[PDB]
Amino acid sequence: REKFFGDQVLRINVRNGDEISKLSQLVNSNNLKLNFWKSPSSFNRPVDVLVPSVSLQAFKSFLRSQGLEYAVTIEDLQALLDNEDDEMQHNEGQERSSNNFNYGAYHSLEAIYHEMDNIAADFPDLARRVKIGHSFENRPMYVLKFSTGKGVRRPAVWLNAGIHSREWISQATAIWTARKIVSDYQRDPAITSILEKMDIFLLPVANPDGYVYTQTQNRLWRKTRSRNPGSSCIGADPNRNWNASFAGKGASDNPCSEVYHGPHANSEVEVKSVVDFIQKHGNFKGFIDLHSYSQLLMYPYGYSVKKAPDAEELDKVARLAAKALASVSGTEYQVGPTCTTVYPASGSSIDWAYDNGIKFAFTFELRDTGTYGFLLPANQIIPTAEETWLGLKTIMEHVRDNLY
């Protein structure tokens, strides 16, 4: 199993293409084996990059020699990983003895799938677990469908999490959401009213082989586990794979790359499964992608500075979704289009969704901003979930009121 003893996350200030390109170059060709955690944007944002202990010295020396300034934001990755393991280990002991599912914890894919089966069993008239496809390693892809329509197809909102496996707060936020809907139906007047007019489809783990791989082999793994047929390298970036300016900017055609788009659009059977479900249904109004980290809330476009026709509307909804999310804890989110807020990125879920006639396409990037990154402590799940929920309810109330 992957160990990260002495590994450090370094945060680097970057001002122009001189600094951006040399840093981009240095480990897009894998001298030093650096895994970028927060991707190079432009002038603005800070870059986060995981630096293996073996390679601490060369990289820091090189940063000095290239006039790049850095802080060490995580001094020992493995320490954080240890904490997480124990917290998980412990919770599973309690749950096995409890028969409970503790939502304030991180879970195996089996516990997620099971709890989804339990949410449907408990509320048979509202929720059912629908199998939409198969993962590359041939696991079910399980969604929860929420509906008061009694079989009939209604206008619909898609909510998926965990397309990038290491972004554990998304999956955990998603399974908390499923339980939130069923417990707050016939009680909270807004979700009750949402479900009267629309269906909600929830996919907690959009990338299940990667999620299992992160819990058993490599916690920092982000891609699918597809076997790239002219290479020994594994997996594609699920979120670079969609049929939306595929193989454009922000993607690589190198199978070994973390941003590898795949051999063709929707090649990743996990993506195809969702692309197929949605287009078969034909009546999706909302599509919300849940990621981590950076505390962002974004809308199309991402592959171009093209600028979406409904940018104005999407901006206002996102602004109010963020404002309402903040209400809970004081959590501050940036809002804006993808290509500017992060960096030009092709073939993303939300761009495909918008280009396919789903107006309200939104990327959430959840907690945090870099203190723990992907390794967000378990004790922050319920706060992230509870606050994000108000962000989600807002979007879905705009969808309800603006049916087209």
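Note that residue numbering begins at 1 and tracks the sequence as displayed.
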Regarding 313 to 321 and 139 to 147, which shows the higher C-alpha temperature factor on average in the entry? 313 to 321
Averaging the C-alpha temperature factors as deposited, the higher value of 174 to 182 versus 68 to 76 falls on 68 to 76
Tell me which of 283, 267, 165, 98 tops the list for C-alpha B factor in the record. 98
Scanning 132, 116, 305, 205 for peak Cα temperature factor in the entry gives 305
Here the Cα B-factor of residue 219, set against its chain, lands in the third termed lowest
Position of residue 274 among the chain's modelled residues by C-alpha B-factor, lowest, middle or highest third: lowest
Can you tell me whether residue 364 has a C-alpha B-factor in the lowest, middle or highest third compared with the other modelled residues of the same chain? middle
State the tercile, meaning the lowest, middle or highest third, of residue 230 with respect to the CA B-factors recorded for its chain. highest
Chain thirds by Cα B factor, record data; residue 377 belongs to the lowest
